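So the chains spell out like this:
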Amino acid sequence: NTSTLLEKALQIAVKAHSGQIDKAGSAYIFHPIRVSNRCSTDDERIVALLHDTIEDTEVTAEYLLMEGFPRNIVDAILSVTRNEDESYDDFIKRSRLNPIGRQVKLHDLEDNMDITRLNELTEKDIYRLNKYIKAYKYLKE
Amino acid sequence: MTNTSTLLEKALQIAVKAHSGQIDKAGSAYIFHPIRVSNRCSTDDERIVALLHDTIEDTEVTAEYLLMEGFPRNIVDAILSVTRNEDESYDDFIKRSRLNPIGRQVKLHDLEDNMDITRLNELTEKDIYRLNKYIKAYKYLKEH
Amino acid sequence: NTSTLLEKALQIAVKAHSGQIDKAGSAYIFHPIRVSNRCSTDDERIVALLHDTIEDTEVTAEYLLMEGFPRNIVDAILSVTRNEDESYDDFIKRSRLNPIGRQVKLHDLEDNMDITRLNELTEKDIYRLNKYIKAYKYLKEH
Amino acid sequence: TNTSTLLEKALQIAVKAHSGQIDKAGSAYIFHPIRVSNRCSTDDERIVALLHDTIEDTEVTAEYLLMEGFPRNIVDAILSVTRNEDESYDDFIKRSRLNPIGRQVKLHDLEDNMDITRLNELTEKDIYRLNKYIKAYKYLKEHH
Ligand SMILES: [Cl-]
Ligand SMILES: [Cl-]
Ligand SMILES: [Cl-]
Ligand SMILES: [Cl-]
Ligand SMILES: [Mg+2]
Ligand SMILES: [Mg+2]
Ligand SMILES: [Mg+2]
Ligand SMILES: [Mg+2]
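What counts as what
- Along every chain, residues receive numbers from 1 upward following the written sequence, which is not necessarily the numbering found in the entry; those without coordinates are excluded from display.
- Key to labels: chains lettered from A, ligands numbered from 1, both in the order written.
- Here the side-chain values reflect all heavy atoms present in the structure, with hydrogen atoms and water set aside.
- The helix and strand labels rest on DSSP assignments: H or I over at least four residues marks a helix, E over at least two residues marks a strand, and numbering proceeds from the N terminus.
- As a reference, a globule follows 2.2 Å times the number of residues to the power 0.38, and the radius of gyration itself is taken over C-alpha atoms.
- Per-residue accessibility, obtained with a 1.4 Å probe over protein chains only, is compared with the maximum for each type, and a residue is labelled buried under 20%, exposed over 50%, and partly exposed between these values.
- Throughout, a contact is declared for two residues whenever any of their heavy atoms are within 4.5 Å.
- Charge convention: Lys and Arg are scored as positive, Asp and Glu as negative, and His as well as the terminal groups of each chain are ignored.
- For charged residues, the charge sits on one atom: NZ in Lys, CZ in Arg, CG in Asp, CD in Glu.
- Ring pairs shown here join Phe, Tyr and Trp side chains whose ring centres sit within 6.5 Å, with only the six-membered ring taken for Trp; geometry is labelled stacked below 30 degrees between planes, edge-to-face above 60, and tilted in between.
- Whether a charge sits over a ring comes down to the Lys NZ or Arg CZ being within 6 Å of the ring centre and within 35 degrees of the ring normal.
- Distances define the donors: N, O and S atoms within 2.8 Å of the metal qualify, as do those within 3.2 Å of Na, K or Ca. Water is excluded, so some sites may look unfinished.
- Like charges within 9 Å and nonpolar side chains (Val, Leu, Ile, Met, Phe, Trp, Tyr) within 5 Å are joined into patches, using only residues over 30% in relative accessible area that form no salt bridge.
- Note that accessible areas follow from Shrake-Rupley with a 1.4 Å probe, and for residues the cover is restricted to the protein chains shown.
- A pair is scored as a salt bridge if a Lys or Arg side-chain nitrogen falls within 4 Å of a carboxyl oxygen belonging to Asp or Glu.
- What qualifies as a polar contact is a pair of N or O atoms within 3.5 Å, subject to a donor-acceptor requirement within protein and to the restriction that residues adjacent in sequence count only when both atoms come from side chains.
- Each residue gets one of three labels, nonpolar for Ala, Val, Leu, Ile, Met, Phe, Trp, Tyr, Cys and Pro, charged for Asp, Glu, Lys and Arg, and polar for the others, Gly among them.
- Note on definitions: buried area is the accessible-area loss of two parts on being combined, 1.4 Å probe, summed for both.
- Among buried residues, the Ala, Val, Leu, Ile, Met, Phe, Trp, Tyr and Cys ones that are joined through side-chain atoms within 4.5 Å form a nonpolar core.

- Method of determination for the deposited model, per the PDB record: X-ray crystallography, at 2.30 Å resolution.

Some thoughts on the overall build of chain D
Okay, so step 1: Counting its secondary structure elements, chain D contains 8 helices and 0 strands.
Okay, so step 2: Listing each helix as α and each strand as β along chain D from the N terminus yields α-α-α-α-α-α-α-α.
Okay, so step 3: Relative to the compact-globule value of 15 Å for 144 residues, chain D shows a C-alpha radius of gyration of 15 Å, a close match.
Okay, so step 4: Each principal axis of the C-alpha atoms in chain D carries an extent, and together these give about 50 × 35 × 30 Å.
Okay, so step 5: Here chain D, with 144 residues, has 50% of them falling under the buried criterion.
Okay, so step 6: By sequence separation, contacts in chain D at least 24 residues apart represent 57% of the contacts at least 6 residues apart.
Okay, so step 7: Each charge class in chain D can be summarised by its mean position, and for the 20 positive and 25 negative side chains these summaries are 5 Å apart.

Here we look at the packing of aromatic side chains
Okay, so step 1: All chains considered together, the criterion is met by 4 aromatic pairs over all chains.
Okay, so step 2: Ring geometry for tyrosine 88 of chain A and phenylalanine 91 of chain A: centres 5.9 Å apart, planes at 55°, overall tilted. Residue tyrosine 88 of chain A and its partner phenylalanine 91 of chain A are located together in helix 7 (residues 88–96), separated by 3 residues, close to a single helical turn. The same class applies to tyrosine 88 of chain A and to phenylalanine 91 of chain A, which are both buried.
Okay, so step 3: Summarising the aromatic geometry, the rings of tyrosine 89 of chain D and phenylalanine 92 of chain D are spaced 6.1 Å apart at their centres and angled 55° between planes, so their arrangement reads as tilted. Of this pair, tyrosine 89 of chain D and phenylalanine 92 of chain D both sit in helix 6 (residues 89–97), 3 residues apart, which is roughly one turn of the helix.
Okay, so step 4: The ring of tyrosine 88 of chain A is capped by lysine 131 of chain A, whose NZ or CZ atom sits 3.9 Å from the centre of that ring.

So, the coordination of the magnesium ion (ligand 6)
All names here are of chain B.
Okay, so step 1: Surrounding the magnesium ion (ligand 6) are the protein donor atoms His33 (NE2), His53 (NE2), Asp54 (OD) and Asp110 (OD), at 2.1 to 2.4 Å.
Okay, so step 2: The motif formed by the donor residues of the magnesium ion (ligand 6), counted along the single chain, is H-x19-H-D-x55-D. One end of the pair, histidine 33, is in helix 2 (residues 32–39); the other, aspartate 54, is in the loop between helix 3 (44–52) and helix 4 (63–68), and 21 residues separate them in sequence.
Okay, so step 3: For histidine 33, a relative accessible area of 5% translates into the label buried.

Describing a negative patch on the surface
Residue and element names in this part refer to chain A.
Okay, so step 1: On the surface, a cluster of negative charge is made up of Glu55, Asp56, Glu84 and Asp85.
Okay, so step 2: Secondary-structure assignment places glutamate 84 in the loop between helix 6 (71–79) and helix 7.
Okay, so step 3: Using a relative accessible area of 83% as the deciding quantity, one classes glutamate 84 as exposed.

Some remarks on the side chain of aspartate 52 of chain A
Residues and elements named next belong to chain A.
Okay, so step 1: Note on placement: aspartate 52 falls in the loop between helix 3 (42–50) and helix 4 (53–56).
Okay, so step 2: We note that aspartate 52 is buried and unpaired, the nearest opposite charge coming from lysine 105 at a distance of 6.1 Å.
Okay, so step 3: The contacts of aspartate 52, once residues within four sequence positions are left out, are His17, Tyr28, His31, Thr57 and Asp108.

Let's talk about the pattern of salt bridges
Okay, so step 1: Taken as a whole and assessed by the stated rule, the structure comprises 43 salt bridges over all chains.
Okay, so step 2: The closest approach of N and O atoms between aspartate 113 of chain B and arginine 40 of chain B, which form a salt bridge, is 3.1 Å. Note that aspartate 113 of chain B is positioned in helix 7 (residues 101–114) and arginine 40 of chain B in the loop between helix 2 and helix 3, a separation of 73 residues in sequence.
Okay, so step 3: Look at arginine 40 of chain B and you get partly exposed, because its relative accessible area is 29%.
Okay, so step 4: We note a salt bridge from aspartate 44 of chain B to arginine 47 of chain B, for which the minimum N-O separation is 2.6 Å. Pair noted here: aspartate 44 of chain B and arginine 47 of chain B are both in helix 3, with a separation of 3 residues, about one helical turn.
Okay, so step 5: Connected through salt bridges with shared partners, the residues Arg34, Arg38, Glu110, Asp111, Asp114 and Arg117 of chain C form a single ionic network.

Describing the interface of chain A and chain B
Okay, so step 1: Of the residues lining the interface, 21 residues belong to chain A; the matching set on chain B comes to 19 residues.
Okay, so step 2: Applying the counting rule to chain A against chain B returns 0 salt bridges.
Okay, so step 3: Our count for the contact surface shared by chain A and chain B stands at 6 residue pairs in polar contact.
Okay, so step 4: The leading source of residues in the side of chain A that touches chain B is helix 1 (residues 5–16) of chain A, at 5 residues.
Okay, so step 5: For the side of chain A that touches chain B, a count of residues per class yields 9 nonpolar, 11 polar and 1 charged.

Focus: the coordination of the magnesium ion (ligand 8)
All names here are of chain D.
Okay, so step 1: Around the magnesium ion (ligand 8), the protein supplies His32 (NE2), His52 (NE2) and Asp109 (OD) as donor atoms, at distances of 2.1 to 2.3 Å.
Okay, so step 2: Mapped onto the polypeptide sequence, the residues donating to the magnesium ion (ligand 8) form the spacing pattern H-x19-H-x56-D. With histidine 32 in helix 2 (residues 31–38) and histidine 52 in the loop between helix 3 (43–51) and helix 4 (62–68), this pair connects stretches of sequence that are 20 residues apart. When sorted by exposure, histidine 32 lands in the same class as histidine 52, which is buried.

Regarding the interface of chain C and chain D
Okay, so step 1: Each partner contributes residues to the interface: chain C has 18 residues there, and chain D has 20 residues.
Okay, so step 2: Buried surface at the junction of chain C and chain D, summed over both partners, amounts to about 1,400 Å²; 66% is from carbon and sulfur atoms.
Okay, so step 3: Viewed at the interface, chain D and chain C are joined by 0 salt bridges.
Okay, so step 4: On the surface where chain C and chain D come into contact, there are 6 residue pairs in polar contact.
Okay, so step 5: Within the side of chain C that touches chain D, the residues separate by chemical class into 9 nonpolar, 8 polar and 1 charged.

Regarding the nonpolar core
Okay, so step 1: In terms of nonpolar packing, the biggest core is built from 59 residues, with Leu10, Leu50 and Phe69 of chain A together with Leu12 and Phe71 of chain B touching the most fellow members.
Okay, so step 2: Ranked by residue count, the leading element in this core is helix 1 (residues 3–18) of chain B, at 8 residues.
Okay, so step 3: Those residues in contact with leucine 50 of chain A that sit more than four places away from it in its chain are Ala9, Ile12, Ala13, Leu64, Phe69 and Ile77 of chain A.
Okay, so step 4: Listed in part, the 58 residues of the second largest apolar core include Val35 of chain C together with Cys40, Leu51 and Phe70 of chain D.

The following block contains the structure:
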């Protein structure tokens, strides 16, 4: 009962992130939604809705391919999916090389840097916010 | 996860299922309409009503079903304030929406999304009449 | 009247903050502009454009009254203008009492919590940002 | 001068050049480049948005902007969204798409011009120009 591939990516994310919470206390599914609302194209919105499904849920790149998602979309999701064998800097460098992933990752950083949603702030947060700021600047050069 | 945060996730899953496969005038999935309206809201109470504001027309989603799912009476009343009654005229419908503090705000963001012509392929004369009606209602909901 | 007073408020702010900068080096004039962009009414936008003119520049309250800004607008600006002998805690409590000042202050805290423009984030910012979060929550309480 | 950054100078130039001008909604025109600039993502886009309509002002010219310190690629971007005297609108939109910064600014320009939430009413005379905005908006979206 799906009309468009953007609707499918939503239903996949809502199901996959069901039961997860972000560090602010809210349902995690609203993070890819808030990133998707910052996007400008349907391709960016699809990747934004799924950008944390491979890392955090049972969704795999293989599953997305078998569900009909195009090669450039899945590769764009993989460009914003960190591998353990790489540093965070090498991950952001790999994100910038992808036209769709670069834009989605920028909006992902913006959402993660939105401290207006948080209850407090600790020293562990500012070290994480700092590398977000460095990655945010790198992706805008 | 708090009760309001749980209801907000619950409200999303109820909207996704109810609007599954539905399309709007442009042809895109209708679910993104409540989501775009929600993104304009400021509080979680408003976000919940925004996500469910067009689900009463669905057969599975009723007022008692939402009460059964844990949504409090004030939230459900807000959803009913932005749900047009059977024989109710548009002018009478906007008047009823302003009486509800949450529904009034949600209806404003609903009008903003409906006035967004960046998603339309072409504008006709019928669209002008419809957009003029949204402008009048938008202005009415912003007064004191 | 309101469309012209909004423009006048912009021109008063531009002239008053001219050449001032924030901690990131960006032009400070855009802080009231970005706060005014988050507002929903013309009264809020006017107060937001002028909310740091008394404290940071040579604009006075009598000056704004002389230019035609109504009493409620000037009072709202004063509700978000910290006094000398007033602590930050009492300042936030006083800004919540004014309907327009409360809303503009909320958007002011949102702009001050925007770290997308800072070059880096240190530990001294923890105190400032947590203070802003606490003040943000107090203003949102109903 | 008494200006900090090129962005601030661009603001002051737009403020002066549009001073007293009014838009279709009856508001001060200066807030149009500001609202276009609020949609932009980089400082280069914001500078061009703030100045995207200053060339009509007799004081503001390409030479003036170069004199003030604005880089040539910024000035060329402003000229990419400045329509020529005998140029057709379609040819103007095609020319603005070739410029990376200008394309983005022209999209945000079109979004603001299509924002009918600021309008007090709509007539059928607005149909043609709104359909031109929609057509040009889609044409700039075909890039990706
Ligand atoms: Cl990571
Ligand atoms: Cl939402
Ligand atoms: Cl830039
Ligand atoms: Cl033109
Ligand atoms: Mg993410
Ligand atoms: Mg609706
Ligand atoms: Mg301030
Ligand atoms: Mg323009």
